[PDB]
6 protein chains.
Amino acid sequence: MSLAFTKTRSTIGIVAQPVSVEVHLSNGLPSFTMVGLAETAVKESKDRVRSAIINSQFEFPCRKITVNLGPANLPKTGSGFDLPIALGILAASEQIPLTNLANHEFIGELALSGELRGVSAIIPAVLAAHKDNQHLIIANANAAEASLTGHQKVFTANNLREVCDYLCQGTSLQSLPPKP
Amino acid sequence: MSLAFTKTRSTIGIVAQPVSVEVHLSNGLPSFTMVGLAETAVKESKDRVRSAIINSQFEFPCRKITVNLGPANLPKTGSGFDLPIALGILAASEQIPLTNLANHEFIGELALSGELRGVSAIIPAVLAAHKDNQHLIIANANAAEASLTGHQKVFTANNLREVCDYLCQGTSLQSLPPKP
Amino acid sequence: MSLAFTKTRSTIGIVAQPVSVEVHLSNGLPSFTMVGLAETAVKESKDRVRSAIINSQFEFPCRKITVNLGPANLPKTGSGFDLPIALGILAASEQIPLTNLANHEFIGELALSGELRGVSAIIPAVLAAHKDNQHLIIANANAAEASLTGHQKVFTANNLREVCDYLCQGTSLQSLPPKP
Amino acid sequence: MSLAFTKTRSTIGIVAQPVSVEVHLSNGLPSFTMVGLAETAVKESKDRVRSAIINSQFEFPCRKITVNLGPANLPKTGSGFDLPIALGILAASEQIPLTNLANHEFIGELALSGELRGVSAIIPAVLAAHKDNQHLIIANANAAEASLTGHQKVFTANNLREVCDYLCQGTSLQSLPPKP
Amino acid sequence: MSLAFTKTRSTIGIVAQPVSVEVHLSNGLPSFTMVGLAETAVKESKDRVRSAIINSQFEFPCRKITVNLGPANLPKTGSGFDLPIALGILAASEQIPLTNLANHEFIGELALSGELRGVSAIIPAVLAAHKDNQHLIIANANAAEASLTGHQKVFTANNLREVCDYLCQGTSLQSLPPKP
Amino acid sequence: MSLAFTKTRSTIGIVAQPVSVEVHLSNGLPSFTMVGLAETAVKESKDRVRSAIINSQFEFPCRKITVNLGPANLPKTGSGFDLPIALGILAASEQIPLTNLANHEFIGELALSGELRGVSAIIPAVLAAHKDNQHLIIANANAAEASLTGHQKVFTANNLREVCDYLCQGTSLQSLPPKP
């Protein structure tokens, strides 16, 4: 069977509580289910992620998908849950080796072309990821904001193809710009 | 490809936050998903855009239509998203050459005849468009309001066919009144 | 094509905003879609219009109906939108020549037999139609209330067949009784 | 044709406004639509009346029933709309001659088996039916409250077949208020 | 005829209002419809009744059930409507002699297996049953609370099959153990 | 037959009322019904439990599931109802002997891999289970919180297979950490 456990961060107040996106593909009819108290802003990432995956020259599963963005108590608010979901889908469809996601935290928003967009309130997530020793991968638009941290384990990408190539083969991504 | 990008502006308060209308025509059955936090454009812009496209002697895709409006975490209020969405559908269906959509914004609401009615609070959009060096193509009913600025590279249109010809061809569209 | 426009009024407070009912018949399956922020009272006019057209010895289209009500950002409240919509459907289905609907403004709801019924707050609509020099056609029940103002160029009908006859061949259509 | 115009009264505040319950059996698949701002306590009248009409040895049409009860903009709120709706449905089915509902106002809900039940706030309906010159009909349970007025033309009954007889062949409901 | 009039008591304020649970069984496709102001806790009772009936080695009809618990204007907020509904459905499909429900008031919910459970605020129901001289039947768990009154004629049971046998044959379920 | 009961606790106020979980597998089409006053956080457990059962190398019933968690008046508002539901489903589908669950109480949510996660406020459940003398089984993440009571019979586990072996085979494992 195939299931993937991607990591990310959700901000509640000042602390970015860890969140564990958990995709799981079944053999039933091609539905799409999201649980874990997903707010409307994050409950509509279904079609957005579908388009961002199809447009990046990938195979979007024709299978019963079931995302589980939850510790079931915490409601999810931000819009940065598209990159974790897309990478979880790809990893659970065997298009990405699941061992690449060992210790990475992904935060990003996907357009309909696969291009990544900048989420808001990124600093708490970067601080939490640094404190947890995890690698963080964010959209280019947040590179300027996260440059202050000066943490050497943060990478920024332009689109989903960049992140997929980095995970599968490690093409160096883009690092973060120098501290101001 | 079947992916098109368009630009418009949503007015919250006094600022006109740029919006990125993204249309992606998939291969499934007829659908018109409109992700992005639209309130009254959700289920109303669909039918107006469909009828305006059909009545202007255009092919309406018999596919799964996914429309994603600008930033995900930004409620979108006005009714002027019919022209950007219609042009995005036409571009994604190749009925318009999308290589000429880069420098132009679009604002307006479409009737069922393909005619362009006048949206409210338009001058902020003109200011923003000129600041960014973009052509702003608005409905004829807002020509009076747009003429105050006298900004060059701004235009106004009677119906959707006028704009589609101004893009496919290069016919001068309407210009603006000199300064009534 | 199968596309007809009608005019009516929407009374809020002391001002009767102009509303342009727009009807389009497409080739899809049977359906009836309203647009323009129509409230429950307005949005429930579908069945009333259907039965009023059917019982008046007219032909109700089997096509997909699509009614767009005037400005897309103005909620519609009154119940007098049944007559404009019925006339729009008949005009779009070629049952009526649509040149007659040029300068007239129609108000008044429809019973299930095709007979017209009165609607509250009719004086502002009469005033607005007077300022625009538009032939107003209202339900016969509203004659006893409108005629007190002694305003001419306003005609009152009892059933949809009467209005259709007046538009097709100018068969009188009664008139507001003397001020008495 | 298939149409019927029953009558009843709706009580808001102290006054009881006239409410013309109307029916139209259109050709098509089985269906049932209750137009006219009907609240839930009226919207279950669908099943209530269907069961009453199949438990009173009557025929329930297999046609697209369309029960409109206006004035449309009046928020019907009571629950004694089952009897007028059932009578109108029967009349539109040519089971009850429609020449008998000319001067009869009906009130009182229907039990699942056919027996009429008592609705609250009946006195204002009695007062209005007195100030219209109508044969007001109520459930037997309301005889105690109708007696206080002592008015005539206030016949009452226990089940549907009692009131169907008072209309078709067998007159003399013979349940006038106990005391003048 | 597949009809059954069971009875129960609804408690609002201090008085236990009478409730007449009425069940019909049409000849259509399988369905289920609860009529009246059935609150959430009541309308979920459909599956509870179905499971309790199936597990008790009874026969669940494959018909278009239609449960109506009047009056239609009194909210049914309690949860002890499960047992009366199950008994009515059984009696409708010639599974319980209808006559045996002559003067019995049933209160208490069910589980999937059919075992009865206690309900809150039982004393007023017993007081009303004594006043109206009905053979009240309550859940076994409610026996302890229904002792302070000390009224006779009140029976208790744990399984729905016990009540079915008592109604069909008569087995003296229990005797409401006395108090000092 | 295919009916299985499981026990758990819901914290309402300061007390942990028992919540009997009941699972019924009918013969109809594949479905899933959660009867009882279950909030979104609880009725979103269908997908979680299905995925946890499938991914643990178990068999998920291809039947009309019907989950009831009584009483039908307590607003079940916890987040650790997934483990009792999964255990009940497995027992109902003759996958776990039903005699094992006769004395144990279960708590803890599930992931899409079957691993158990830590619910909030486990202490009241431990206190109530000790008072009633039931073997409480909780997720490993709650071991630290459950250690500060000193009560034995608080065995823990990491995934569904662990608890299944604990019941089926008897591989008792894990326990409260010493007594800090």
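Reading the values: rules and limits
Residues numbered from 1 in each chain as written, not as in the entry; some residues may be left out. Chains lettered and ligands numbered in written order. Heavy atoms only, no water. 1 Å grid on protein atoms, 1.4 Å probe; cavity = no way out; pocket = protein on both sides within 12 Å on 5 of 7 lines; lining within 4 Å. Points joined across faces, edges and corners; volume = space filled by probe spheres on them. Helix = DSSP H or I, 4+ residues; strand = E, 2+ residues; numbered from the N terminus. Nonpolar A, V, L, I, M, F, W, Y, C, P; charged D, E, K, R; others polar. Pairing = 2+ DSSP bridges. Axes fitted to C-alpha atoms, helices over the stretch in contact; angles between N-to-C directions. Contact = heavy atoms within 4.5 Å. Least-squares fit on C-alpha atoms. Core = buried A, V, L, I, M, F, W, Y, C linked by side-chain atoms within 4.5 Å. Buried < 20%, exposed > 50% of the residue type's maximum accessible area, 1.4 Å probe, protein only. Buried area = accessible area lost by both parts, 1.4 Å probe. Salt bridge = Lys/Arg side-chain N within 4 Å of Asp/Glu carboxyl O. Polar contact = N/O pair within 3.5 Å; in protein donor to acceptor, adjacent residues only side chain to side chain. Parallel < 35°, antiparallel > 145°, perpendicular 65-115°, else oblique. Left-handed = near helix turned anticlockwise from the far one by under 90°. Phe/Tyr/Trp six-rings, centres within 6.5 Å; stacked < 30°, edge-to-face > 60°. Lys NZ or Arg CZ within 6 Å of the ring centre and 35° of its normal.

The deposited coordinates for this entry were obtained by cryo-EM, with a reported resolution of 2.80 Å.

Glancing now at empty space enclosed by the protein. Residues and elements named next belong to chain F. Summed over all chains, the structure comprises 6 cavities of 30 Å³ or more. When its volume is computed, the largest cavity comes out at roughly 50 Å³. Considering the residues around the largest cavity, the lining is formed by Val-126, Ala-129, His-130, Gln-134, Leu-136, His-151, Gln-152, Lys-153 and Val-154. The element contributing the most residues to the lining of the largest cavity is helix α4 (residues 123-132), with 3 residues. Partitioning the lining of the largest cavity into residue classes produces 4 nonpolar, 4 polar and 1 charged.

Residues and elements named next belong to chain C. Here 4 strands make up an open sheet; going across it, the order is β1-β2-β4-β3 and the pairing mixed. The outermost strands of the open sheet, each flanked by one partner alone, are β1 (3-12) and β3 (31-35). Direction aside, the axes of adjacent strands within the sheet are offset by 20° on average. Bridge count between β1 and strand β2 (residues 15-26): 10 bridges; the pairing is antiparallel. Bridging across to β2, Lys-7 finds its partner in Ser-20. The strands that helix α3 (residues 82-92) touches are β1, β2, β3 and β4 (64-69); relative to β1, the one it contacts most, it runs at about 175°.

With an RMSD of 0.5 Å, the operation that places chain A on chain F is a rotation of 60° combined with a shift of 0.4 Å along the axis. Those values place the two copies in the arrangement expected of a six-fold rotation axis. Residue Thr40(A), judged by its C-alpha, is the member of chain A lying nearest the rotation axis, at 14 Å.

All names here are of chain C. With 42 residues, the main nonpolar core has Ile-53, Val-67, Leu-69, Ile-85, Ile-89 and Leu-160 as its most contacted residues. Of all the secondary-structure elements, those providing two or more residues to this core are β2, β3, α2 (45-55), β4, α3, β8 (136-139), β9 (154-157) and α6 (160-169). Leave out the neighbours within four places in its chain, and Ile-53 touches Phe-58, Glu-59, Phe-60, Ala-86, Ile-89, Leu-90 and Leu-160.

On to the interface of chain B and chain C. Counting from both sides, the interface comprises 16 residues of chain B and, opposite them, 19 residues of chain C. The largest share of the area that chain B buries against chain C comes from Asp47(B), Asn55(B) and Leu112(B), three residues that together contribute 33% of it. One can count 2 salt bridges joining chain B with chain C. We note a salt bridge from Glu22(C) to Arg117(B), for which the minimum N-O separation is 3.5 Å. The interface formed by chain B and chain C includes 6 residue pairs in polar contact. When residues of the side of chain B that touches chain C are assigned to their parent elements, the largest contribution, 6 residues, is made by helix α1 (residues 45-55) of chain B. Classifying every residue of the side of chain B that touches chain C by side-chain character gives 3 nonpolar, 6 polar and 7 charged.

Facing 19 residues of chain A, the contacting portion of chain F comprises 15 residues. Between chain A and chain F, roughly 1300 Å² of surface is buried when both sides are summed, and carbon and sulfur atoms account for 56% of that area. The tally of links between chain A and chain F comes to 1 salt bridge. If you look at where chain A meets chain F, you find 3 residue pairs in polar contact. Going through the elements one at a time, β1 (3-12), β2 (15-26), β3 (32-35) and β4 (64-68) of chain A are the ones with two or more residues in the side of chain A that touches chain F. Considering each element in turn, the side of chain A that touches chain F owes the most residues, 4 residues, to β2(A). Among the residues making up the side of chain A that touches chain F, the classes are represented as 8 nonpolar, 8 polar and 3 charged.

Packed helices, taken two at a time, are described by the angle between their axes plus the distance between the axes. Residues and elements named next belong to chain B. Where α1 contacts helix α2 (residues 82-92), the axes come no closer than 10 Å and their chain directions differ by 55°. What the angle tells us is that α1 and α2 run oblique. Every pair of crossing elements has a handedness; the one defined by α1 and α2 is right-handed. Within the contact between the two elements, α1 uses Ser-45, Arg-48, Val-49 and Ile-53 and α2 uses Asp-82, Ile-85, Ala-86, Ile-89 and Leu-90. Partitioning the contact of α1 with α2 into residue classes produces 6 nonpolar, 1 polar and 2 charged.

Omega for the bond connecting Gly70(E) with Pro71(E) falls within 30 degrees of zero, at 0°, which places this linkage in the cis form. Following the sequence through the fold, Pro71(E) ends up in the loop between β4 (64-70) and α3 (82-92). Phi at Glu94(A) is positive, roughly 65°, even though this residue is not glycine. Positive phi, close to 55°, is recorded for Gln57(C), a residue that is not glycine. By the element assignment, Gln57(C) lies in the loop between α2 and β4.

Turning our attention to helix α4 (residues 123-131) of chain C. In an α-helix, one turn spans 3.6 residues, which is why side chains three or four residues apart end up on the same side. Residue and element names in this part refer to chain C. Every buried residue of α4 is accounted for by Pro-124, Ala-125, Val-126, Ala-128 and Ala-129. If you follow the buried residues of α4, they end up packed against β1, β2, β5 (105-106), β8 and α5 (143-146). Just beyond α4, the residue with positive phi is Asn-133, at close to 55°.

Once that is clear, we can look at the packing of aromatic side chains. All names here are of chain B. Counted under the stated rule, the structure contains 8 aromatic pairs over all chains. Between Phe-32 and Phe-60 the ring centres are 6.3 Å apart and the planes differ by 15°, which places this aromatic pair in the stacked class. In this pair, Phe-32 is assigned in strand β3 (residues 31-33) and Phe-60 in the loop between α1 and β4 (64-69), connecting sequence segments 28 residues apart. On the basis of an interplanar angle of 50° and a centroid distance of 5.2 Å, the ring pair of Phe-155 and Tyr-166 is categorised as tilted. One end of the pair, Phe-155, is in strand β9 (residues 154-157); the other, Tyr-166, is in helix α5 (residues 160-168), with 11 residues separating them in the sequence. With relative accessibility at 11%, the residue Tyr-166 sits in the buried group. Looking at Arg-161, its charged tip hangs above the ring of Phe-58, at a distance of 4.3 Å from the centre.

All right, on to the pattern of salt bridges then. One pass over the structure, following the stated rule, counts 25 salt bridges over all chains. Put simply, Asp82(B) and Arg48(B) hold a salt bridge, and the shortest N to O gap is 2.6 Å. Remark: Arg48(B) occurs in helix α1 and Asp82(B) occurs in helix α2; sequence separation between them is 34 residues. A relative accessible area of 0% means that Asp82(B) is categorised as buried. The salt bridge involving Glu105(E) is made with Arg9(E); its shortest N-O contact spans 2.7 Å.

The subject of this paragraph is the side chain of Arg9(C). All names here are of chain C. In this fold, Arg-9 is placed in strand β1. According to the relative accessible area criterion, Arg-9 is buried, its value standing at 9%. Polar contacts involving the side chain of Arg-9 include one to the side chain of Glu-105, which spans 2.9 Å. Filtering out sequence-adjacent residues up to four positions away, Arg-9 remains in contact with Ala-16, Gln-17, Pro-18, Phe-81, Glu-105, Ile-107, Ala-125, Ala-128 and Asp-132.

Now for the arrangement of the chains. Chain B makes no contact with chain D; the smallest distance between any of their C-alpha atoms is 22 Å. Separated throughout, chain C and chain E approach each other most closely at a C-alpha pair spaced 22 Å apart.

This part covers the sheet that holds strand β2 (residues 15-25) of chain B. Residues and elements named next belong to chain B. The strand order across the open sheet built from 4 strands is β1-β2-β4-β3, with neighbouring strands paired in mixed fashion. A strand with exactly one partner marks an edge of an open sheet, and here the two such strands are β1 (3-12) and β3. Put simply, the sheet's adjacent strands are angled 20° from each other on average, direction ignored. By the bridge criterion, 5 bridges tie β2 to β4 in an arrangement that is antiparallel. Among the inter-strand pairings, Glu-22 is bridged to a residue of β4, identified as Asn-68. Where α2 meets the sheet, it contacts β1, β2, β3 and β4, and its direction lies at approximately 170° from that of β1.

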